[PDB]
Structures are given as C-alpha cells and as structure tokens.
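Close look at the chain arrangement
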Amino acid sequence: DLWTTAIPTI
Amino acid sequence: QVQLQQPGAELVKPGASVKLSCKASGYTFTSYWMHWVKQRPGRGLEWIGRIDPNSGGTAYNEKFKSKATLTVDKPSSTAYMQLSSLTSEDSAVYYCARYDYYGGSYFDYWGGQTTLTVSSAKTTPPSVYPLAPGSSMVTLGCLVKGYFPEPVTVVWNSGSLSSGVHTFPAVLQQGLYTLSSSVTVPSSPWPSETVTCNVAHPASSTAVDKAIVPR
Amino acid sequence: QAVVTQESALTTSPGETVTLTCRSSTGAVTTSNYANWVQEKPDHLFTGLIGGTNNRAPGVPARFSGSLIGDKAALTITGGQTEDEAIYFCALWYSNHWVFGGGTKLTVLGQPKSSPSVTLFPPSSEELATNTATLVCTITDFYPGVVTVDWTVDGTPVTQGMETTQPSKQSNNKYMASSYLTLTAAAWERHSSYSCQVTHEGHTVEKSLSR
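In the PDB archive, X-ray crystallography is given as the structure determination method for this entry, at a resolution of 2.7 Å.

Chain C goes by ANTI-NP MURINE GERMLINE MONOCLONAL ANTIBODY BBE6.12H3 in the PDB entry, where it is assigned to Mus musculus.

As named in the PDB entry, chain B is ANTI-NP MURINE GERMLINE MONOCLONAL ANTIBODY BBE6.12H3, taken from Mus musculus.

So, in structure tokens, the structure goes:
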C-alpha cells in the first residue's frame, strides 16, 4: 500500500 | 512549454530488456511525481507505477513490479523505465505522465509516445503492386504488402502530388505489416499523364517506384 | 478485479453541454478515489483535464468541470467545442494503484455529415502471379468517424482473411479508413462476385466487381 514515503522498491 | 519528450518507437527481440526515456524540461523536475502508463489498442490503459524524482521514492502496480524498474537522473531531468525479459504481451505504447501533488492531485502533462514492438521476426522488404480501377475523377493506388518492421514511406510522383493522396495505417496479419496509399486525380491526367508511388522501407534498404497502368 | 467503466461513445453539438460518467465496480465513487479525467486527441496526444474529483488542471479551459453524480464521477464540458472531439479517459485511485476506464469516444458535430467515398480495387495481376489475391477497399471523406465494413463473396458474407483499419482523421477533418480481403489466387478464381459493404450512419454503400 502506498502514495509515498515507505515505499522505494515497491 | 512544459515538455515530456519520449523516443517515438523502439524495436527489440523477445527476451531482451529495454530502457525507455522521458526527458523533462520547462518545470522544476524534482517537484512533480512522474508516472508510467501502458496502452495496447483494444485494452485501454494500465498504470505501471510512479517515481518521486526528489526521493527516488518509488511505487509499483503489483502486476508490474517484477517487470518494470523506474528511475531518474536528476541532473539531466529525464525519467526512465527499464522493462525486462520482454515478450509479445509487452508490445505497446508506454507513456510518461507528470503528476501534481497537493493543493490537489493532477495528471497534467503527458509525453507522447514510445510504442514498443517486441517481435522475433526478421526484416522483410515490401512488395508493391499497382491498384488500378477495373470499370476528383479517378482514384489510383499502391499496395505495400508484407514488410517488417515499421515504418515505410509512401510518396506519390516524388512530391508532385499533394491532393487526393491518402496513406492508410498498416494492418498486421501473420506477424507482417501491409498498408496502401491512394491518390485521386482528374480523369484528364489519367491515363494521359501518369502517377507513380514511391514506396520506401528503410530497414530493408529498399525503394520501389511503380507506375500505375491501364485496366 | 476492481474495474472502472465509462460510456463507449457519446455525441454532442457545438455549444451544448455534455456529461461523461465513471463507474467504480466496488461501489460508490468517492473522494478517496481522486477521480482523474484525461483527454486523448488524434495521434496519441494526452492531456489531463481534471484531477482529484474536481480540480481543473492549470491551463485547462473553464468549460471543463468535474464532480460526482449519483455514485459516479462525472466530467462536465459546457459550451461544447469542435476541438473537444476526442476520446476521454477516466482514472480512479484504489488505495495503492490507479485504474482507468475504457474511455468515452466523444463526438462534437463540428461539420456536416458526409457519407463514405468508397473505392474497390481488384487484385493486381502482379500480385496474382505470386498465387495470392488481395482486394483493397479505400474509404474516405466520411463523418462521423464510424463505419462498419462487410465483405461478401458471391453475395455471401465472408469473415476470414479480412482486415479493417480503425478510422483515421483526414486533412479536412473528415475520417478515412481501409479494409482488405486476402485469399489464395486459387480461391479467387472460383468465385465471381466480390463486394465491399460500408455502413455509415444507418446508410449502407456497396462497391462490387465481377472477376
């Protein structure tokens, strides 16, 4: 789940 | 003049991996998210994912995470998308779309292309046959059958003809293209003067000039 | 399978208001979906018009507005323009990824209706000499841009070895398209009649030839 920050590579 | 330039098209063999580009100019590259969309006629559009130019912060569509890798090179302001282990299914147009965040959310600007063709087919020259009637006054034509891979250039009377000429898009039967170009003229020029189409297929280093004759 | 849907095609005139809608399969389209509307004009030119349900992307004409109608997202174009003829795409955000609709192909009647200008070409003998035949049917100057092409051999509908291109915009803004029928030289030598049927706005046009 995203839409930023915690996710670089997913 | 916000711009997103993308290579028109790229040809690659099944099983390879390409690295598509999206050069940005006009705005501050790192203050806008970038997205990548995939389109295949008949199917519509699919979201591949998005990269945050400032963080490198990345986000993928699960169906594309083990197939696409998004990145950017801040100094040159361009965005990239590396597609791997290419197959037929990956033949498509791939767009890069600039995204707006906060104040609100926007998908404002789009690059314009890059249709990717993934085929394991060898180059093939076209065959040109003259389309004449059997029986704005009379329409003639040139059939450019079975060439691979796009594009092809059709001209009529080396440019001497501007009106009536209608080159159609190519169809793909048996992993092989084909198109035709038409040109209508006053019943006077024909057969009096004569028309000749100028087919050119760059990949096959071929150029055929055919004059259309009576029938 | 969270699919998004839209109207296949709609028609309007210059000056009228038109609304396009967007369905969410999960249920009501809400603000948490951030509805995005995108325009695609001839030769893959995309431009986003509305983002976040109703935010107009800067630089977009004021005649474009978005909202929610019922449990759907809507794109309102008031005072319809001719350039506005294009296909419109819908995009919804479902928590961690976007999903588009099939797109609504919008028609703004900015010019007169004109039936297709059909021409049927028989197979060239040069191609014939290679034991293969191809009938070519050019279709130009028609508007609106939708036609249905049908091939018929000996009066009977054939649906094999047939390729029709998707209508393409001409110089003068009308639409053109081509269809093809390929057979083996052999197959071509047993039949007598060949015809290209073009149906446009409920009116059907045909061009035939007898080998």
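Glancing now at the overall build of chain C. In terms of regular secondary structure, chain C is built from 2 helices and 20 strands. For chain C, the C-alpha radius of gyration of 22 Å lies well beyond 17 Å, the compact-globule estimate for 211 residues. Surface accessibility of chain C: about 9,100 Å² in total, with carbon and sulfur atoms responsible for 49%. Each charge class in chain C can be summarised by its mean position, and for the 12 positive and 17 negative side chains these summaries are 6 Å apart.

Time to look at the domain arrangement of chain B. Residues and elements named next belong to chain B. In terms of domains, chain B is made up of domain 1 (1–120) and domain 2 (121–214). For domain 1 versus domain 2, the separation of C-alpha centres amounts to 35 Å. Between domain 1 and domain 2, the contact holds 4 residues from the first and 5 residues from the second. A combined buried area of about 290 Å² lies between domain 1 and domain 2, and 58% of that area is made up of carbon and sulfur atoms.

What follows concerns the interface of chain A and chain B. Counting residues at the interface gives 7 residues for chain A and 10 residues for chain B. Grouping the amino acids of the side of chain A that touches chain B by side-chain chemistry returns 5 nonpolar, 2 polar and no charged.

Tracing the backbone through its elements, the reader meets B:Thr178 in strand β16 (residues 178–185). Looking at B:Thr178, the relative accessible area reads 14%, which means it is buried. Setting aside its immediate chain neighbours within four residues, B:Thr178 contacts B:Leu143, B:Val144, B:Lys145, B:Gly146, B:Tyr147, B:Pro169, B:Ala170, B:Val171 and C:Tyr180.

Let us look at the pattern of salt bridges. The final tally for this structure, using the stated rule, is 10 salt bridges over all chains. A salt bridge links C:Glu126 to B:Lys210, with the shortest nitrogen-to-oxygen separation between them at 2.7 Å. Note that C:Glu126 is positioned in helix α1 (residues 125–128) and B:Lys210 in strand β18 (residues 206–211), a pairing that runs across two chains. Exposure remark for C:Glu126: the relative accessible area of 33% places this residue in the partly exposed category. On the accessibility criterion, B:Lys210 (23% relative accessible area) is partly exposed. With its nearest N and O atoms 3.2 Å apart, the salt bridge here joins C:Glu201 to C:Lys113. Here C:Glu201 is found in the loop between β19 (193–200) and β20 (203–210), whereas its partner C:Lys113 is found in the loop between β11 (104–108) and β12 (117–121), with 88 residues between them in sequence.

Let us look at the domain arrangement of chain C. Residue and element names in this part refer to chain C. Under the domain assignment used here, chain C contains domain 1 (1–110) and domain 2 (111–211). Computed over C-alpha atoms only, the centres of domain 1 and domain 2 are separated by 34 Å. The partner domain 2 presents 6 residues to the 6 residues of domain 1 that form the contact. Note on domain 1 versus domain 2: buried area summed over both sides is about 450 Å², and carbon and sulfur give 52% of it. Broken down residue by residue, the surface that domain 1 buries against domain 2 is led by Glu85, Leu109 and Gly110, which jointly contribute 71%. The interface formed by domain 1 and domain 2 holds 0 salt bridges in total. Taken together, the links from domain 1 to domain 2 amount to 4 residue pairs in polar contact. Split by residue class, the side of domain 1 that touches domain 2 holds 2 nonpolar, 2 polar and 2 charged.

Right, let's get into a nonpolar patch on the surface. Together, B:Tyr101, B:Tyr102 and C:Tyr34 line one region of the surface with nonpolar side chains, adding up to about 360 Å² of accessible area. Looking at where B:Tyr101 falls in the secondary structure, it is placed in strand β9 (residues 92–101).

Residues and elements named next belong to chain B. Position of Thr124 among the secondary structure elements: in the loop between β11 (115–118) and β12 (127–131). A distance of 3.2 Å separates a polar side-chain atom of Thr124 from the backbone oxygen of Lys122. Setting aside anything within four residues of it in sequence, one finds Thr124 in contact with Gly146, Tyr147, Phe148, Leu176, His201 and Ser204.

Below, the discussion takes up the nonpolar core. Judged by nonpolar contacts, the single largest core of 28 residues is most densely connected at B:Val154, B:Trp156, B:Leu179 and B:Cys197. Those elements that place two or more of their residues in this core are β12, β13 (138–145), β14 (153–156), β16 and β17 (196–201) of chain B. Counting residues per element, this core draws most heavily on β13(B), which supplies 5 residues. If we ignore the near neighbours within four places in the chain, the residues touching B:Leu179 are B:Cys142, B:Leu143, B:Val144, B:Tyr147, B:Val152, B:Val154, B:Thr167, B:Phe168, B:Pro169, B:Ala170 and C:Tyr180.

All right, on to the sheet that holds strand β3 (residues 18–24) of chain C then. All names here are of chain C. Pairing within the open sheet is antiparallel, and its 4 strands lie in the order β1-β3-β8-β7. Two strands close off the open sheet at either side, each with one partner strand: β1 (4–6) and β7 (64–69). Taking each pair of neighbouring strands and ignoring which way they run, the sheet shows an average axis angle of 25°. Strand direction decides the pairing type here: β7 and strand β8 (residues 72–77), joined by 6 bridges, are antiparallel. Within β8, the residue paired with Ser65 across the bridge is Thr76.

The next point concerns the interface of chain B and chain C. Contacts between chain B and chain C engage 41 residues on the former and 43 residues on the latter. For the pair chain B and chain C, the summed buried area comes to about 3,500 Å², and 66% of that belongs to carbon and sulfur atoms. Taken together, the links from chain B to chain C amount to 2 salt bridges. Of the charged contacts, one joins B:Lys145 and C:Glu127 as a salt bridge, the two residues approaching to 3.8 Å between their closest N and O atoms. Counting across the interface, chain B meets chain C through 7 residue pairs in polar contact.

Rules used throughout
Residues numbered from 1 in each chain as written, not as in the entry; some residues may be left out. Chains lettered and ligands numbered in written order. Heavy atoms only, no water. Residues with missing side-chain atoms left out of burial classes, pairs and counts. Helix = DSSP H or I, 4+ residues; strand = E, 2+ residues; numbered from the N terminus. Rg over C-alpha atoms; globule rule 2.2 N^0.38 Å. Areas by Shrake-Rupley, 256 points an atom, 1.4 Å probe, with all protein chains shown as cover. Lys, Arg positive; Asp, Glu negative; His and termini not counted. Charge placed at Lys NZ, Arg CZ, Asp CG, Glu CD. Domains from an automatic or database assignment. Contact = heavy atoms within 4.5 Å. Buried area = accessible area lost by both parts, 1.4 Å probe. Nonpolar A, V, L, I, M, F, W, Y, C, P; charged D, E, K, R; others polar. Buried < 20%, exposed > 50% of the residue type's maximum accessible area, 1.4 Å probe, protein only. Salt bridge = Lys/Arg side-chain N within 4 Å of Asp/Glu carboxyl O. Polar contact = N/O pair within 3.5 Å; in protein donor to acceptor, adjacent residues only side chain to side chain. Patch = residues over 30% accessible without salt bridge, like charges linked within 9 Å, V, L, I, M, F, W, Y side chains within 5 Å. Core = buried A, V, L, I, M, F, W, Y, C linked by side-chain atoms within 4.5 Å. Pairing = 2+ DSSP bridges. Axes fitted to C-alpha atoms, helices over the stretch in contact; angles between N-to-C directions.

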